[PDB]
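Undergrad: Input work.txt, format and content: compact mmCIF, C-alpha atoms.
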# COMPACT_ATOMS: atom_id res chain seq x y z
CA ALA A 11 0.00 0.00 0.00
CA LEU A 12 3.14 2.18 -0.26
CA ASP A 13 5.06 -0.16 -2.58
CA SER A 14 3.29 1.92 -5.24
CA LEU A 15 4.97 5.18 -4.08
CA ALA A 16 6.51 6.79 -7.18
CA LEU A 17 10.03 8.20 -6.88
CA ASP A 18 11.56 10.82 -9.16
CA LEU A 19 15.13 9.75 -9.80
CA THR A 20 17.98 11.51 -11.61
CA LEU A 21 21.22 10.36 -13.18
CA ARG A 22 24.18 12.16 -11.60
CA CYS A 23 27.06 11.79 -14.05
CA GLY A 24 29.55 14.21 -12.56
CA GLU A 25 29.99 16.89 -9.92
CA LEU A 26 31.78 20.23 -9.90
CA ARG A 27 32.06 23.55 -8.13
CA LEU A 28 31.90 26.94 -9.78
CA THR A 29 31.51 30.37 -8.27
CA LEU A 30 28.45 32.29 -9.29
CA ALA A 31 30.66 34.76 -11.19
CA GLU A 32 32.22 31.84 -13.10
CA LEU A 33 28.77 30.42 -13.95
CA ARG A 34 27.56 33.83 -15.21
CA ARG A 35 30.64 33.99 -17.51
CA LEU A 36 30.23 30.63 -19.30
CA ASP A 37 29.73 30.78 -23.08
CA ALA A 38 28.54 28.13 -25.51
CA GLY A 39 31.37 26.08 -26.95
CA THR A 40 33.55 26.19 -23.83
CA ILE A 41 34.33 22.85 -22.20
CA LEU A 42 34.14 22.29 -18.47
CA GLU A 43 36.39 19.56 -17.14
CA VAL A 44 34.54 17.26 -14.78
CA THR A 45 37.05 15.19 -12.77
CA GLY A 46 36.11 12.58 -10.21
CA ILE A 47 34.12 10.28 -12.48
CA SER A 48 34.75 7.57 -15.05
CA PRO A 49 33.15 8.87 -18.31
CA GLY A 50 29.76 7.26 -19.00
CA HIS A 51 29.33 6.35 -15.34
CA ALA A 52 26.19 7.58 -13.60
CA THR A 53 24.79 7.48 -10.10
CA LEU A 54 21.01 7.02 -9.67
CA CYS A 55 19.76 9.55 -7.14
CA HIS A 56 16.73 10.53 -5.13
CA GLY A 57 17.54 14.14 -4.34
CA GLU A 58 21.06 13.95 -2.91
CA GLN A 59 20.88 10.28 -1.82
CA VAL A 60 22.41 7.53 -3.96
CA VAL A 61 20.16 4.55 -4.70
CA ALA A 62 22.13 2.81 -7.49
CA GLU A 63 25.28 2.94 -9.63
CA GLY A 64 25.17 2.49 -13.39
CA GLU A 65 26.63 2.90 -16.87
CA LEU A 66 25.06 4.96 -19.64
CA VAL A 67 24.22 2.60 -22.50
CA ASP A 68 22.83 2.80 -26.02
CA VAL A 69 19.52 1.00 -26.48
CA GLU A 70 18.63 1.12 -30.18
CA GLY A 71 19.62 4.82 -30.27
CA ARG A 72 18.01 5.64 -26.91
CA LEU A 73 19.65 6.33 -23.57
CA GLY A 74 19.59 3.59 -20.99
CA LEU A 75 21.22 3.16 -17.62
CA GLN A 76 22.53 -0.30 -16.96
CA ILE A 77 22.62 -0.91 -13.21
CA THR A 78 26.01 -2.14 -12.00
CA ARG A 79 25.44 -1.95 -8.23
CA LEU A 80 22.40 -1.42 -6.02
CA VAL A 81 23.26 0.86 -3.08
CA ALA B 11 30.74 39.56 -2.93
CA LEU B 12 27.77 37.34 -3.84
CA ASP B 13 29.58 36.56 -7.13
CA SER B 14 32.07 34.78 -4.85
CA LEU B 15 29.46 32.18 -3.82
CA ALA B 16 30.69 28.66 -4.45
CA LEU B 17 27.96 26.50 -5.97
CA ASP B 18 27.76 22.73 -5.97
CA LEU B 19 26.75 21.73 -9.46
CA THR B 20 25.99 18.30 -10.91
CA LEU B 21 25.94 16.89 -14.40
CA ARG B 22 22.50 15.42 -14.98
CA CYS B 23 22.35 12.71 -17.67
CA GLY B 24 18.63 12.09 -17.48
CA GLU B 25 15.85 11.11 -15.12
CA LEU B 26 13.40 8.29 -14.55
CA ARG B 27 10.50 7.32 -12.31
CA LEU B 28 10.35 4.07 -10.32
CA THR B 29 7.92 2.92 -7.67
CA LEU B 30 9.29 1.71 -4.32
CA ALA B 31 8.43 -1.84 -5.42
CA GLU B 32 10.36 -1.43 -8.69
CA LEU B 33 13.33 0.09 -6.86
CA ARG B 34 13.26 -3.04 -4.67
CA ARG B 35 13.22 -5.45 -7.67
CA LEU B 36 16.18 -3.57 -9.19
CA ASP B 37 19.42 -5.50 -9.63
CA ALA B 38 22.74 -5.48 -11.42
CA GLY B 39 22.34 -5.79 -15.17
CA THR B 40 18.89 -4.20 -15.44
CA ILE B 41 18.75 -1.58 -18.16
CA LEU B 42 16.45 1.30 -17.30
CA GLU B 43 15.00 3.65 -19.92
CA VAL B 44 16.13 7.24 -19.37
CA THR B 45 14.00 10.31 -20.15
CA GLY B 46 14.45 14.08 -20.40
CA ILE B 47 17.73 14.19 -22.28
CA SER B 48 19.14 13.30 -25.68
CA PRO B 49 21.89 10.65 -25.43
CA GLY B 50 25.45 12.03 -25.33
CA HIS B 51 24.02 15.11 -23.61
CA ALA B 52 23.71 16.47 -20.10
CA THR B 53 22.46 19.43 -18.14
CA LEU B 54 24.46 21.32 -15.56
CA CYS B 55 22.31 21.54 -12.44
CA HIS B 56 22.18 23.36 -9.11
CA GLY B 57 19.99 21.08 -7.04
CA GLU B 58 16.95 20.61 -9.26
CA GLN B 59 17.48 23.67 -11.46
CA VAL B 60 19.10 23.60 -14.90
CA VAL B 61 21.71 26.37 -15.41
CA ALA B 62 23.19 25.01 -18.66
CA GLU B 63 22.95 22.37 -21.34
CA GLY B 64 25.82 20.60 -22.99
CA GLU B 65 27.34 17.59 -24.70
CA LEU B 66 29.51 15.03 -22.91
CA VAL B 67 33.04 14.83 -24.31
CA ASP B 68 36.15 12.88 -23.48
CA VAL B 69 39.22 14.94 -22.49
CA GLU B 70 42.17 12.51 -22.41
CA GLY B 71 40.04 10.10 -20.32
CA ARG B 72 38.38 12.77 -18.13
CA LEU B 73 34.74 13.68 -18.60
CA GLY B 74 34.03 17.07 -20.13
CA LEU B 75 30.91 19.13 -20.64
CA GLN B 76 30.85 21.17 -23.82
CA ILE B 77 28.37 23.94 -23.08
CA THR B 78 25.80 24.34 -25.86
CA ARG B 79 23.57 26.81 -23.99
CA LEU B 80 23.38 28.83 -20.80
CA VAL B 81 19.91 28.99 -19.33
CA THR B 82 19.70 32.75 -18.76
CA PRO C 10 28.66 47.61 -25.95
CA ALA C 11 29.13 47.47 -29.73
CA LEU C 12 32.85 46.57 -29.61
CA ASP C 13 31.87 43.43 -27.62
CA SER C 14 30.70 41.89 -30.90
CA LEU C 15 34.20 42.28 -32.40
CA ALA C 16 35.34 38.98 -33.89
CA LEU C 17 39.01 38.41 -33.06
CA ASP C 18 41.19 35.94 -34.95
CA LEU C 19 43.28 34.36 -32.23
CA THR C 20 46.25 32.07 -32.61
CA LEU C 21 47.63 29.24 -30.46
CA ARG C 22 51.34 29.88 -30.07
CA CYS C 23 53.62 26.99 -29.15
CA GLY C 24 56.84 28.91 -28.85
CA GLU C 25 59.36 30.64 -31.02
CA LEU C 26 62.81 30.40 -32.57
CA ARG C 27 65.25 32.54 -34.52
CA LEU C 28 66.80 31.49 -37.82
CA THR C 29 69.02 33.31 -40.29
CA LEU C 30 67.92 33.34 -43.97
CA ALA C 31 70.81 30.92 -44.66
CA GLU C 32 69.61 28.50 -41.99
CA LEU C 33 65.98 28.60 -43.14
CA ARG C 34 67.35 27.96 -46.65
CA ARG C 35 69.31 24.89 -45.46
CA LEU C 36 66.43 23.51 -43.40
CA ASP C 37 65.27 20.10 -44.63
CA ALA C 38 62.55 17.65 -43.55
CA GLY C 39 63.37 15.65 -40.43
CA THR C 40 65.41 18.40 -38.75
CA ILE C 41 64.37 19.06 -35.15
CA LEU C 42 64.63 22.71 -34.14
CA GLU C 43 64.85 23.79 -30.50
CA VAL C 44 61.94 25.97 -29.36
CA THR C 45 62.06 28.88 -26.88
CA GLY C 46 59.33 30.50 -24.83
CA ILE C 47 57.33 27.46 -23.75
CA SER C 48 57.88 24.02 -22.25
CA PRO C 49 56.22 21.01 -23.92
CA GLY C 50 52.44 20.77 -23.51
CA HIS C 51 51.92 24.54 -23.22
CA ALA C 52 50.63 27.33 -25.45
CA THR C 53 49.69 30.99 -25.38
CA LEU C 54 46.49 32.37 -26.83
CA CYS C 55 47.50 35.27 -29.06
CA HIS C 56 46.01 38.21 -30.94
CA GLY C 57 48.71 39.29 -33.37
CA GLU C 58 51.78 39.27 -31.18
CA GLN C 59 49.80 40.03 -28.01
CA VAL C 60 49.35 37.24 -25.45
CA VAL C 61 45.83 37.27 -24.02
CA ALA C 62 45.87 33.87 -22.27
CA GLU C 63 48.14 31.03 -21.29
CA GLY C 64 47.09 27.42 -21.22
CA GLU C 65 47.81 23.72 -21.56
CA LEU C 66 47.39 21.65 -24.72
CA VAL C 67 44.87 18.81 -24.26
CA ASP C 68 43.33 16.20 -26.52
CA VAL C 69 39.55 16.34 -26.81
CA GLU C 70 38.57 13.06 -28.53
CA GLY C 71 41.31 13.53 -31.14
CA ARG C 72 40.78 17.29 -31.38
CA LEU C 73 43.07 19.93 -29.92
CA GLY C 74 41.95 21.77 -26.80
CA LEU C 75 43.45 24.65 -24.89
CA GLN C 76 42.88 24.45 -21.17
CA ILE C 77 43.21 28.04 -19.96
CA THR C 78 45.51 28.41 -16.93
CA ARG C 79 45.52 32.24 -16.83
CA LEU C 80 43.91 35.20 -18.58
CA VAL C 81 46.32 38.05 -19.23
CA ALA D 11 69.12 41.49 -47.34
CA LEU D 12 71.81 38.83 -46.96
CA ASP D 13 71.98 35.21 -45.79
CA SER D 14 72.94 36.53 -42.30
CA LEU D 15 69.50 38.14 -41.79
CA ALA D 16 67.88 36.81 -38.60
CA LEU D 17 64.18 35.95 -38.70
CA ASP D 18 62.03 35.78 -35.57
CA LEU D 19 59.72 32.85 -36.14
CA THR D 20 56.73 31.56 -34.19
CA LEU D 21 54.99 28.22 -33.91
CA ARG D 22 51.31 28.43 -34.79
CA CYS D 23 49.59 25.36 -33.30
CA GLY D 24 45.97 26.29 -33.94
CA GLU D 25 43.62 29.13 -34.83
CA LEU D 26 40.27 30.22 -33.42
CA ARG D 27 37.79 33.08 -33.41
CA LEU D 28 36.29 34.66 -30.30
CA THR D 29 34.40 37.92 -29.87
CA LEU D 30 35.90 40.33 -27.36
CA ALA D 31 32.95 39.60 -25.04
CA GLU D 32 33.80 35.85 -25.26
CA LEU D 33 37.51 36.56 -24.60
CA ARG D 34 36.68 38.84 -21.62
CA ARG D 35 34.57 36.01 -20.12
CA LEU D 36 37.14 33.19 -20.20
CA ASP D 37 38.05 31.74 -16.80
CA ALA D 38 41.04 29.62 -15.75
CA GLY D 39 40.24 25.91 -15.96
CA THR D 40 37.89 26.14 -18.94
CA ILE D 41 38.80 24.37 -22.18
CA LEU D 42 38.70 25.94 -25.63
CA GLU D 43 38.32 23.49 -28.50
CA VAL D 44 40.63 24.24 -31.43
CA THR D 45 39.34 22.56 -34.59
CA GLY D 46 41.08 22.30 -37.92
CA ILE D 47 44.43 21.07 -36.64
CA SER D 48 45.91 17.68 -35.72
CA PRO D 49 47.16 18.00 -32.08
CA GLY D 50 50.92 18.49 -31.92
CA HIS D 51 51.08 19.87 -35.44
CA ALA D 52 52.58 23.35 -35.75
CA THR D 53 53.34 25.70 -38.61
CA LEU D 54 56.49 27.76 -38.42
CA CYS D 55 55.62 31.36 -39.23
CA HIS D 56 57.21 34.67 -39.97
CA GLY D 57 54.35 36.96 -39.05
CA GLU D 58 51.36 35.48 -40.88
CA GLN D 59 53.42 33.67 -43.52
CA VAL D 60 54.05 29.94 -43.24
CA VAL D 61 57.66 29.03 -43.96
CA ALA D 62 57.51 25.41 -42.71
CA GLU D 63 55.29 22.77 -41.17
CA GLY D 64 56.20 20.22 -38.53
CA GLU D 65 55.33 18.23 -35.40
CA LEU D 66 55.92 19.33 -31.79
CA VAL D 67 58.39 16.94 -30.18
CA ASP D 68 59.67 16.34 -26.66
CA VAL D 69 63.45 15.85 -26.74
CA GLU D 70 64.80 14.98 -23.27
CA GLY D 71 62.19 17.26 -21.69
CA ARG D 72 62.74 20.13 -24.15
CA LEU D 73 60.34 21.33 -26.81
CA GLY D 74 61.39 20.79 -30.41
CA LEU D 75 59.77 21.18 -33.82
CA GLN D 76 60.47 18.27 -36.16
CA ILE D 77 60.19 19.66 -39.69
CA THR D 78 57.89 17.68 -41.98
CA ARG D 79 57.48 20.07 -44.93
CA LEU D 80 59.41 23.13 -46.05
CA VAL D 81 57.27 25.79 -47.78
Turn the structure described in the file into structure tokens.
TA:
Amino acid sequence: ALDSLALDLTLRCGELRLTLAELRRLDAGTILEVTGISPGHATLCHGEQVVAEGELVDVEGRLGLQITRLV
Amino acid sequence: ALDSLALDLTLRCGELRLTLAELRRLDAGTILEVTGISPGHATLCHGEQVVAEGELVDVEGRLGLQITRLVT
Amino acid sequence: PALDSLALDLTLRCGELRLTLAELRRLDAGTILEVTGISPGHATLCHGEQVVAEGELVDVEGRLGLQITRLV
Amino acid sequence: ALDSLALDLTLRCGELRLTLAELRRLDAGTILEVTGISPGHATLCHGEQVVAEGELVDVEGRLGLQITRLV
């Protein structure tokens, strides 16, 4: 009777800090380096809490997340 | 001095909805369908708010975000 | 500001060297010339002969990138 | 004019266009993508005139330009 509770989850595929002044100054075409993550890796999140780890995969041209570890 | 505010940003590579039951049935190997983003793309987020859109790139093995648009 | 829209043709500069006309005449394929001004992996961003930024050369999926280390 | 004339040459290892507004807005740590060149390639220039092409080489820690084509 709560098993049916629907959770909005997001894929967190990197983390970084910028100052507000830095963020205001970003232009299209510039690349931000996002250290701390293996490229294509994503964490499955509810808000700030991690629920699962995964890899971004191609599914017939669509984006999929293949779960590698439940957390 | 507010320009000096350090913001914790995330790269968001999509979203999905799962019930508590589904989240409980979830195991290694399961492929979940992702919505809200074209593949190879990501948004730059402060909490739940988008501040930019971009494309994921590889920079000598490190992940990069090539900004395509600032949400301003 | 109207001058903000000014398109500048900037150059990546990977150092410099001085040759006499005789030397440049003698210069054949395969010769390695010593470079001054930068150490390997570095470049300046240049407008004409004016340095406007310094940075590091990176590879972006087979493309050249300049990672800015300082704006001048 | 004589063979003893000394030319100040530069290594051009890429070209790009930014507006002044874009250039004003650049921050340390951001990456600019420089299309139209193979990484490590450089042209040897007198002003805006190409006199040679080559590859950037590391020789015992020191930067060199290995000449591939004379112009």
Undergrad: So that I can check the surroundings of residue 14 in chain A, please list as a list in words every protein, DNA and RNA residue that reaches within 7 Å of it, counting only C-alpha atoms and ignoring chain neighbours fewer than 2 positions away.
TA: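 Within the cut-off, the hits are residues 11, 12 and 16 of chain A; 29, 30 and 31 of chain B.
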Undergrad: Rounded to one decimal place, report the CA of residue 23 in chain B-CA of residue 44 in chain D distance in Å.
TA: 25.6 Å
Undergrad: Can I get the residues of chain D within 12 Å of chain B, each with the closest pair of atoms and their distance in Å to one decimal, using only C-alpha atoms, sorted chain first then ascending number, as CSV?
TA:
residue,atom,partner,partner_atom,distance
D:39,CA,B:74,CA,11.6
D:40,CA,B:76,CA,9.9
D:41,CA,B:76,CA,8.7
D:42,CA,B:76,CA,9.4
D:43,CA,B:76,CA,9.1
Undergrad: Taking all atoms listed in the file into account, what are the residues of chain D at most 8 Å from chain C, put as number ranges by chain?
TA: D: 12-31, 36-45, 47-49, 52, 67-68, 71-80
Undergrad: Put those residues in a file: C-alpha atoms, as a PDB file, in the frame of the given file.
TA:
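Output contents, as saved in again21.pdb:
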ATOM      1  CA  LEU D  12      71.810  38.830 -46.960  1.00  0.00           C
ATOM      2  CA  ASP D  13      71.980  35.210 -45.790  1.00  0.00           C
ATOM      3  CA  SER D  14      72.940  36.530 -42.300  1.00  0.00           C
ATOM      4  CA  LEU D  15      69.500  38.140 -41.790  1.00  0.00           C
ATOM      5  CA  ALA D  16      67.880  36.810 -38.600  1.00  0.00           C
ATOM      6  CA  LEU D  17      64.180  35.950 -38.700  1.00  0.00           C
ATOM      7  CA  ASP D  18      62.030  35.780 -35.570  1.00  0.00           C
ATOM      8  CA  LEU D  19      59.720  32.850 -36.140  1.00  0.00           C
ATOM      9  CA  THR D  20      56.730  31.560 -34.190  1.00  0.00           C
ATOM     10  CA  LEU D  21      54.990  28.220 -33.910  1.00  0.00           C
ATOM     11  CA  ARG D  22      51.310  28.430 -34.790  1.00  0.00           C
ATOM     12  CA  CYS D  23      49.590  25.360 -33.300  1.00  0.00           C
ATOM     13  CA  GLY D  24      45.970  26.290 -33.940  1.00  0.00           C
ATOM     14  CA  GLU D  25      43.620  29.130 -34.830  1.00  0.00           C
ATOM     15  CA  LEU D  26      40.270  30.220 -33.420  1.00  0.00           C
ATOM     16  CA  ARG D  27      37.790  33.080 -33.410  1.00  0.00           C
ATOM     17  CA  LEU D  28      36.290  34.660 -30.300  1.00  0.00           C
ATOM     18  CA  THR D  29      34.400  37.920 -29.870  1.00  0.00           C
ATOM     19  CA  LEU D  30      35.900  40.330 -27.360  1.00  0.00           C
ATOM     20  CA  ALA D  31      32.950  39.600 -25.040  1.00  0.00           C
ATOM     21  CA  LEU D  36      37.140  33.190 -20.200  1.00  0.00           C
ATOM     22  CA  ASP D  37      38.050  31.740 -16.800  1.00  0.00           C
ATOM     23  CA  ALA D  38      41.040  29.620 -15.750  1.00  0.00           C
ATOM     24  CA  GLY D  39      40.240  25.910 -15.960  1.00  0.00           C
ATOM     25  CA  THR D  40      37.890  26.140 -18.940  1.00  0.00           C
ATOM     26  CA  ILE D  41      38.800  24.370 -22.180  1.00  0.00           C
ATOM     27  CA  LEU D  42      38.700  25.940 -25.630  1.00  0.00           C
ATOM     28  CA  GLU D  43      38.320  23.490 -28.500  1.00  0.00           C
ATOM     29  CA  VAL D  44      40.630  24.240 -31.430  1.00  0.00           C
ATOM     30  CA  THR D  45      39.340  22.560 -34.590  1.00  0.00           C
ATOM     31  CA  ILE D  47      44.430  21.070 -36.640  1.00  0.00           C
ATOM     32  CA  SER D  48      45.910  17.680 -35.720  1.00  0.00           C
ATOM     33  CA  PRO D  49      47.160  18.000 -32.080  1.00  0.00           C
ATOM     34  CA  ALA D  52      52.580  23.350 -35.750  1.00  0.00           C
ATOM     35  CA  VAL D  67      58.390  16.940 -30.180  1.00  0.00           C
ATOM     36  CA  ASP D  68      59.670  16.340 -26.660  1.00  0.00           C
ATOM     37  CA  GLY D  71      62.190  17.260 -21.690  1.00  0.00           C
ATOM     38  CA  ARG D  72      62.740  20.130 -24.150  1.00  0.00           C
ATOM     39  CA  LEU D  73      60.340  21.330 -26.810  1.00  0.00           C
ATOM     40  CA  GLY D  74      61.390  20.790 -30.410  1.00  0.00           C
ATOM     41  CA  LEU D  75      59.770  21.180 -33.820  1.00  0.00           C
ATOM     42  CA  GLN D  76      60.470  18.270 -36.160  1.00  0.00           C
ATOM     43  CA  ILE D  77      60.190  19.660 -39.690  1.00  0.00           C
ATOM     44  CA  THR D  78      57.890  17.680 -41.980  1.00  0.00           C
ATOM     45  CA  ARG D  79      57.480  20.070 -44.930  1.00  0.00           C
ATOM     46  CA  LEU D  80      59.410  23.130 -46.050  1.00  0.00           C
TER      47      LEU D  80
END
Undergrad: When you draw a straight line from CA of residue 57 in chain A to CA of residue 34 in chain B, how long is it in Å?
TA: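 Taking CA of residue 57 in chain A as the start and CA of residue 34 in chain B as the end point, the length is 17.7 Å.
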Undergrad: How far is it from CA of residue 35 in chain A to CA of residue 22 in chain B, in Å with one decimal?
TA: 20.4 Å
Undergrad: Which residues of chain B sit at most 8 Å from chain C, using all atoms listed in the file? Give each one's shortest atom pair and distance in Å (one decimal place), in chain and ascending residue order, as CSV.
TA:
residue,atom,partner,partner_atom,distance
B:67,CA,C:69,CA,7.1
B:68,CA,C:70,CA,5.6
B:69,CA,C:69,CA,4.6
B:70,CA,C:68,CA,5.6
Undergrad: Could you give me, as a count of residues only, the residues within 7 Å of residue 62 in chain D, counting all atoms listed in the file and dropping anything in the same chain fewer than 2 positions from it?
TA: 7
Undergrad: Would you please work out which residue, of D:70, D:58, D:51, D:33, is nearest to chain A when using all atoms listed in the file?
TA: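 Closest to chain A of all the choices is D:33.
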Undergrad: Mind giving me the axis-aligned box for range 50-62 of chain D with 4 Å on every side, centre plus edges in Å to one decimal, as JSON?
TA:
{"center_x": 54.3, "center_y": 27.7, "center_z": -37.9, "size_x": 14.7, "size_y": 26.5, "size_z": 20.0}
